[PDB]
């Protein structure tokens, strides 16, 4: 049984932050890539599938309220000072409104899809919203963690489940860009396009209300 019916839009989602959850981190970058279910349900001979022609994309850099750790800066190529030099603004009401306006362009139900999203992206997004007193602003959404999905799908078909490990295993080659939120979204999209009908079936069967994600902090 499908708990919430068929998801109409999959929003591939990735954020960068100042550090890992135990550091009480803040967002430095976010990317949403909204794909209608038809792109996976009814896909139109390369090694890696091309992305769908019709997609919506939002990629934003954000000025966090604290320094990025050296480790974060090495992996993301961002620092708080450099974000500031590019005039980036903090995570504020306008940003929350922009996110909601972007989601409102997508048919519902919406499902956020993020790799280790239950550990990283989903609780951090909830924390940033809570700090604005906008708890529940995005609770119309559903979400799934792609690491859970891809573990289940690999088990059904037949090691590390990092994004890069899965990508290399499936496509016999490393992904293009590992250093930006957009790059991580595009790599995830490619993985999900490997067996797209199976992935979509799994998402529909296991989608969870975003409101069930507790904020990382606050």
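Residue numbers count along the first chain shown, from 1.
Two stretches are in play, 47-55 and 174-182, and the higher mean C-alpha B-factor belongs to 174-182. Comparing 137-145 with 124-132, the stretch with the higher mean C-alpha B-factor in the PDB entry is 137-145. Per the PDB record, 166 has a higher Cα B-factor than any other of 32, 60, 67, 166. The maximum CA B-factor among the listed residues 39, 153, 27, 189, taken from the PDB record, is found at 153. Ranked within its chain, residue 75 lands in the highest third, by CA B factor from the PDB record.
Ranked by C-alpha B-factor against the other modelled residues of its chain, residue 13 falls in the lowest third. Ranked against the other modelled residues of its chain, the C-alpha B-factor of residue 2 as given in the entry falls in the highest third.
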